[PDB]
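Before any questions on how it binds or moves, here is one chain, the form deposited in one PDB entry, in C-alpha cells.
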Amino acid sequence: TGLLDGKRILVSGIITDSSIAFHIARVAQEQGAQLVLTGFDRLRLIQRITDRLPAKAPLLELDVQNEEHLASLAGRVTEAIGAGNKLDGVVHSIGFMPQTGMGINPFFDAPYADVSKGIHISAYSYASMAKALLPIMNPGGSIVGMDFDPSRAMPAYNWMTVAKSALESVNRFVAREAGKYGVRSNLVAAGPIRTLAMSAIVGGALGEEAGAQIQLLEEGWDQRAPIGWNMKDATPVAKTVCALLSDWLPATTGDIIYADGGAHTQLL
C-alpha cells in the first residue's frame, strides 16, 4: 500500500511546519516509512513541530559544523532504530548563508569567512552526512538533498547560488562513494516554497530593489511553468523526494530531478 512501506529514513532540516523537510517527513510517514529526525540548535522548538507529524519519531541533535556530532551520529541513529537495523534513506534538507552573502548586500562585499560558513553548511555537509551515514545504510538505499537551480545567475541569491553550484558537484562525488554501498545520491531542484529560510533572504527588511527583483523572480515561476507553480504548497516537492527515496527510480544517481513545474525548461 505505502510507497516507502517498511523503509527507515533519516530526515534532517525541520525547523517549522512550512519546512520543506516537514512536508517530506509527513509524506514519508503517510507512505509507511519509519523516521529518524535531525534538528539543529532549537531542539525543544523542533520537537513541538515534530510532535504534529502523523506518527512519532525520535529526534536527534545535528549541527553539521560540529565534528563530534558527526562522529557520534551513526551510533546515535543505530541506538534509535535498533542494533542490526539500517537506514534505507537519508534526506539532507539543510542550508545557511550569512546575511552578507545574499539579499541587498553587494556580492563583492561578502567576507570569505561568511561565504565559507555558508558553503560548509549548504554543500560540504552533504558529503559529511553521507560519510557518517553510508556505513549504516542498506543496499538499494537513497540519499537525497535539496537544490535550487544555480545554472544561471540571478538577483539576490548571490553566494547561496555559488553554494548550490558546489552542492551539485559534491552530489556527483557522493554518488561515486555511495555506489560502493548499492546506494543512490540525488538532488531535488525545487521551485520557490514559502519557508523560513525564504523569509530570511532579504533579511525581510523592506522596500529595497532586491525585494522587488525577488518578487519578480518568484512570479516568473508560475508563468513559465507549463503546469503552474504554487509557492504555498510544498507537497509536490515532498512527493518528488519520496519518489527518489522509493524503489521506482532505481537507475538514477549523481543526478538532479526538477520539481519546479517545468519552469527551468522554458525561457518564457
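Position 1 is the first residue in the sequence shown; the rest follow in order. Superpose the two forms; the largest set of C-alphas matching within 1.5 Å is the rigid core.
In this entry, the higher average B-factor at the C-alpha atoms falls on 67 to 75, of the pair 67 to 75 and 184 to 192. Mean CA temperature factor is higher for 86 to 94 when stretches 146 to 154 and 86 to 94 are set side by side in the entry. For residue 241, the recorded CA temperature factor ranks within the lowest third of the chain's modelled residues.
In the deposited entry, the Cα temperature factor of residue 17 sits in the top third of values across the chain's modelled residues. When the modelled residues of the chain are ordered by C-alpha B-factor, residue 166 sits in the lowest third. Placement of the Cα temperature factor of residue 81 within the chain: highest third of the modelled residues, per the deposited record. When the modelled residues of the chain are ordered by their C-alpha B factor, residue 263 lands in the lowest third.
Here the subject shifts to the form deposited in another entry, a form of this protein not shown in this document.
Of the residues listed here (71, 153, 113, 196), only one shifts its CA by 2 angstroms or more between this form and the one not shown after fitting on the rigid core, and it is 196.
Core-superposed comparison between this form and the one not shown: the C-alpha position of residue 205 differs by no less than 2 Å. CA of residue 204 to CA of residue 119: farther apart by 3 Å or more in the other entry than in the shown form. Distance between the C-alpha atoms of residue 102 and residue 206: shorter in the other entry than here (change of 3 Å or more).
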